[PDB]
Amino acid sequence: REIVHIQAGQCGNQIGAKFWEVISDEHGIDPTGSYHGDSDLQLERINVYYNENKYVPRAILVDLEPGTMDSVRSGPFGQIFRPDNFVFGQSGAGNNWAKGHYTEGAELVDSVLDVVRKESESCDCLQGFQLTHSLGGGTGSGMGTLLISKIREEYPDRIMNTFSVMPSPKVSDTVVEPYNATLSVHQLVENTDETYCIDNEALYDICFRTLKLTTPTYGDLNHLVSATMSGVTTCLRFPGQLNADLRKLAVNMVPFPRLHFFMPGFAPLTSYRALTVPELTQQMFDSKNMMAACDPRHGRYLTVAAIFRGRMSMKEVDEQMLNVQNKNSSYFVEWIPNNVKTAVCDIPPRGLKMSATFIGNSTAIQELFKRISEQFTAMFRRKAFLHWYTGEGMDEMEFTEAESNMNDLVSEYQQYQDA
Amino acid sequence: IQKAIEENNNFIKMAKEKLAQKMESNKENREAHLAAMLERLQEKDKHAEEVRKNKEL
Ligand SMILES: *[C@H]1CC(=O)C/C(C)=C\C=C\C(=O)O[C@H]([C@H](O)NC(=O)/C=C\C=C\C)C/C(C)=C/[C@@H]2CSC[C@H](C1)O2
Ligand SMILES: Nc1nc2c(ncn2[C@@H]2O[C@H](COP(=O)(O)OP(=O)(O)O)[C@@H](O)[C@H]2O)c(=O)[nH]1
Ligand SMILES: [Ca+2]
Ligand SMILES: [Mg+2]
């Protein structure tokens, strides 16, 4: 039944706030936590995300500085969160994974776990956790991965899911993002069950090229993200058969434990006109609607989950999903039979009669790790910017080890791509 | 974290000690320059004594 949601750092709290605004709207929950919807489908699985005549997100808001969480509290749905679930320090993490993971984050993490435990303890049957964060900064990356490790120690038989924003030079705050992301990926490989890889470069290019936004803001990017998070959690939050819980999703999507990094996608993305099931299906599988900046035609799908939302012919959905597989059969590994599963939920996202969300486990995700790996090495060969990390107690050897582990992941994807 | 604490502490310590050693060396040097100056001036007073003694013969 219950999922506990955690959002850490600037990026993590910004996208996490938007996620809660969007799903609260879908479930008919207003900013004061009152239900004012008109379909029983809205409430049937509400307790997955909301404690209970008011509904309060099962959500913990974490940061090492107060500013983003002050904006959250002032923002649209800011009063819906439980006030005790805001856990924050004052010193910040300076875009530094070591600060998040080892020094500043270490001072705050026990207070976060106290709140996690209080939420877990009033669950009838906790399924596990979802974390929103970036990998490029300090708090979401360093403190978020510290939290994941501590949660795993205290709840080792629960599922850990992340929405992880991956940095890009094209949409960048500091030069040390590749260091922070490489250190984080090493943690995610060992300690998550499912990670949605959301590439800031993909978000930007979707906004700029497809949506025709001349100058995208983080706000624009987060709109994309929150739409995708809504889509990918649909089957957790509404009645249905397929991928209806975190553990069932993992069993269907993860054939080898380390290869749990998914490329999500959304359709439609266009700059009133009716969308057809054919169009949704074709757009959902097109590289330009995917959020990891990897070309799926450069690899193979191990597994895919597709979710369609809205009133539409179930027959035509099954038909088009079979057309795509049968027509592009070479991009699907042949040694996992029937590796594409399709769900359908009657409730569309706000503003859309019909939508589809894609979750692919593709060997092409190797390209994202390789890019981060190349940007890490260009700096690490000259030990550039390392003093920020060594001043917090870290040694060079830990960087060598993270780099190796991420290169190992890349090789593992390549192996299955060739098999 | 222990390593980070240790290296911050060791930085303080070394900066404290280096400074104490420079301020002492500086002080002894300056003092010695002054003592030498005064010793030259005192030699001169002794010499002027001898002149006035030499005159008395
Ligand atoms: C957030 C929307 C908001 O802040 C501003 C407005 C008015 C609209 C944004 C729409 C948008 O991004 O729409 C995309 C896509 O561009 N839409 C279409 O392609 C529509 C029709 C196609 C026909 C051929 C879809 C999208 C990401 C919508 C999400 C759903 S979740 C809530 C947010 C609200 O919108
Ligand atoms: N999509 C998106 N990326 C963001 C946002 N804010 C920061 N980033 C990215 O997140 C990384 C920096 O981490 P940030 O979350 O600001 O640092 P933290 O507060 O220490 O966790 C960089 O890769 C930024 O491009 C945001 O609201 N949305
Ligand atoms: Ca501190
Ligand atoms: Mg920031």
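Note that each Cβ is placed from the backbone with ideal geometry, even for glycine, and that neighbours are counted across all protein chains shown. What is reported rests on the model, the rules as stated and the sources as named; no laboratory read-out is quoted.
Can you name the residue in region A:88-102 that is more than 10 Å from ligand 2 (Cβ to nearest atom) and surrounded by fewer than 22 Cβ atoms within 10 Å (Cβ to Cβ) and is also nearest to the other protein chains (Cβ to nearest Cβ) among such residues?
Pass one, region A:88-102, residues more than 10 Å from ligand 2 (Cβ to nearest atom): A:88-91, A:98, A:101-102.
Then drop every residue that is not surrounded by fewer than 22 Cβ atoms within 10 Å (Cβ to Cβ), which leaves A:88-91, A:102.
Details: A:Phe88: 20, A:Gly89: 15, A:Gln90: 18, A:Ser91: 14, A:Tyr102: 6 Å.
Looking at the filtered set, the residue picked out is A:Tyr102.
Yes/no matrix, rows are residues, columns are (1) within 16 Å of ligand 1 (Cβ to nearest atom); (2) assigned to a loop (DSSP other than H, G, I, E, B); (3) farther than 20 Å from A:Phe238 by Cα; (4) not assigned by CATH to the domain that holds A:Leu224:
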site: A:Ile15; (1), (2), (3), (4): yes, no, yes, no
site: A:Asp25; (1), (2), (3), (4): yes, no, no, no
site: A:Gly33; (1), (2), (3), (4): no, yes, no, no
site: A:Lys54; (1), (2), (3), (4): no, yes, no, no
site: A:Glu65; (1), (2), (3), (4): no, yes, yes, no
site: A:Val72; (1), (2), (3), (4): no, no, yes, no
site: A:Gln79; (1), (2), (3), (4): no, no, yes, no
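Of everything in region A:123-178, what is among the hydroxyl-bearing types (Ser, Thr, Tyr) and surrounded by fewer than 18 Cβ atoms within 10 Å (Cβ to Cβ)? Give them in sequence order. Give the steps one after another, and end with the answer.
Keep residues of region A:123-178 that are among the hydroxyl-bearing types (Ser, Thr, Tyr), which gives A:132, A:134, A:139, A:141, A:145, A:149, A:155, A:162, A:164, A:168, A:172, A:174.
Hits for region A:123-178 are A:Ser149, A:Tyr155, A:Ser172, A:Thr174.
Can you say whether A:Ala202 is outside any loop (DSSP other than H, G, I, E, B) and in contact with a strand residue (DSSP E or B) (Cβ under 6 Å, 6 or more places away or on another chain), as far as the supplied structure shows? Before you say what the answer is, go through the steps one by one.
Details: outside any loop (DSSP other than H, G, I, E, B): yes; in contact with a strand residue (DSSP E or B) (Cβ under 6 Å, 6 or more places away or on another chain): no.
The answer is no for A:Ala202.
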A:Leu61 is checked against (1) more than 16 Å from ligand 2 (Cβ to nearest atom); (2) within 12 Å of A:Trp20 (Cβ to Cβ); (3) surrounded by 18 or more Cβ atoms within 10 Å (Cβ to Cβ) and fails just one. What number does that condition carry? (1)
Out of (1) within 16 Å of ligand 4 (Cβ to nearest atom); (2) surrounded by fewer than 17 Cβ atoms within 10 Å (Cβ to Cβ); (3) not β-branched (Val, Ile, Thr), what's the single condition that is false for A:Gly12? (2)
Out of A:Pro348, A:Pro337, which single residue is over 24 Å from the mean Cα position of the chain (by Cα), part of a loop (DSSP other than H, G, I, E, B) and surrounded by fewer than 17 Cβ atoms within 10 Å (Cβ to Cβ)? A:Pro337
What are the pairs with Cβ atoms under 7 angstrom where one residue, in region A:36-60, is farther than 22 Å from A:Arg73 by Cα and the other, located anywhere, is outside any loop (DSSP other than H, G, I, E, B)? Sequence gap at least six, or different chains. A:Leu43/A:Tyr35; A:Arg45/A:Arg237; A:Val48/A:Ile3; A:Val48/A:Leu236; A:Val48/A:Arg237
Looking only at region A:95-108, count how many residues are more than 23 Å from the chain's Cα centre (by Cα) and under 17 Å from A:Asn13 (Cα atoms). 1
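Can you tell me which of A:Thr357, A:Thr400, A:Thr342 is among the polar types (S, T, N, Q), buried (at least 16 other Cβ atoms within 10 Å of the Cβ) and farther than 22 Å from A:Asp199 by Cα?
On the way: A:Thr357 fails: farther than 22 Å from A:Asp199 by Cα; A:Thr400 fails: buried (at least 16 other Cβ atoms within 10 Å of the Cβ).
Exactly one of A:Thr357, A:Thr400, A:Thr342 is among the polar types (S, T, N, Q), buried (at least 16 other Cβ atoms within 10 Å of the Cβ) and farther than 22 Å from A:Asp199 by Cα, namely A:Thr342.
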Run down A:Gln366, A:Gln417, A:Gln375, A:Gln325 and say which single residue is under 26 Å from A:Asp245 (Cα atoms) and away from chain B (no Cβ under 14 Å). A:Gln325
With the first residue restricted to region A:384-401 and required to be within 14 Å of another protein chain (Cβ to nearest Cβ), and the second required to be buried (at least 18 other Cβ atoms within 10 Å of the Cβ) and among the hydrophobic types (A, V, I, L, M, F, W, C), Cβ contacts under 6 Å at 6 or more apart or on different chains are A:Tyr389/A:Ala98; A:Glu392/A:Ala98; A:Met394/A:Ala98
